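Look below for two forms of one protein chain, each set out as C-alpha cells: first structure 1, then structure 2.
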Structure 1
C-alpha cells in the first residue's frame, strides 16, 4: 500500500512490446521487473539488454554472494532496472525504485504485496504495473478479493 496499481490485458507474445511502450512513456527512476521463473528472468534480461535497456538480473540459480553484489551495484545506480524473481527480494529497500512491473503476474496475494511494496517508500509515490493474460484472471480476482482493492486499468495516456 502507498503505491498506485494498474493492469493491462496482454497476451504472452505481446509482453515485450508492452514493456517497450511502458519504458517509452513512464518516468522511471529505477524499476524492478518481476518474472515468475529464473529461466524467464534470464531470457528477458538478455533480450532487453540487447535492445538497449540498462539492466541487471537476479534469480535463484545464482550464489547468494553474487546476488548481494548485484543488489549492491543496483542500489548504487550502476543499472537503472533490475529483472528478478520473488524469492530473493525479501527486505530489499532501494529508495529510488518508483516503478514495479509484474511482467508475469504472481499467483498469490502475499507475493503480490511483497513485490509491489518494492516501489513504495515513505514520502515517495510508487507505481505497480501488472501485465495480465487471460490465464491470470482467476488469480487477479483472488488477489483483489483478499486485499479488498481494485486494480485499475492503465490510464489512456499510459
Structure 2
C-alpha cells in the first residue's frame, strides 16, 4: 500500500482541459483538488461545475460555520469532489478519497506531505496527480529531494489496482 505519484506537464491556460480529461478517465470514488489561494478555489469550483461535475469548496476566507458544514457534508459523501486550500495542519485522510489532484503545485515539502495523507499513519491506496508548469520546476525539484521521492510522468494507462479499492 502507498500513494502512486504522477505529474502532468501543462501551461496555466491548459489546466482546466487537463482536469476535464482526468475526471472523464479516472475511476474517482471521492477526490480532493488543491489550489494555492482562496480566489483560485472559488474560480476552479465554478469551472468544475460548468464542466459538468459536482463539487464543494472550502478555503480560509470563509466563515467557520460554513467551512465546517461543507467539510462534514463532503465526508458524508454528499458530493464527489472537494476543491480547497491547505486547511489540514495535521493532514487529511477521508476513506472514500482515492484521488488527490494538486491543481497548483505546493511550495513546501511539508504542505505536499499534508495533502497526500495524515500525520502518524501508514501508506494507503490512491493517486496523487500534480499539475506542473515551468514556474513549478524549483519546487518540484526541491520537494522530490526533501521527501526522497520520485514524482513520475503520468503514464498512458493508470493501473486500476493502484487506486481502485477491491477492483482491477
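Residue numbers count along the first chain shown, from 1. Throughout, rigid core stands for the largest set of C-alpha atoms superposing within 1.5 Å between the two forms. Only residues modelled in both forms are compared.
From 40, 107, 69, 124, residue displaced between structure 1 and structure 2 - CA threshold 2 Å or more, rigid core = Only 124 moves by 2 Å or more at its C-alpha.
key: Core superposition between structure 1 and structure 2, C-alpha change of residue 92 at least 2 Å   = Comparing the forms between structure 1 and structure 2, which are aligned on their rigid core, residue 92 does shift its C-alpha by 2 Å or more.
task = After aligning on the rigid core, report the distance the C-alpha of residue 52 travels between structure 1 and structure 2, in angstrom.
result = The alpha-carbon displacement, core-superposed, is 1.4 Å.
inquiry  = As a test: superpose on the rigid core, then list the runs of at least 3 residues whose Cα atoms all move 2 angstroms or more between structure 1 and structure 2.
reply    = Runs moving 2 Å or more: 87-93, 118-124.
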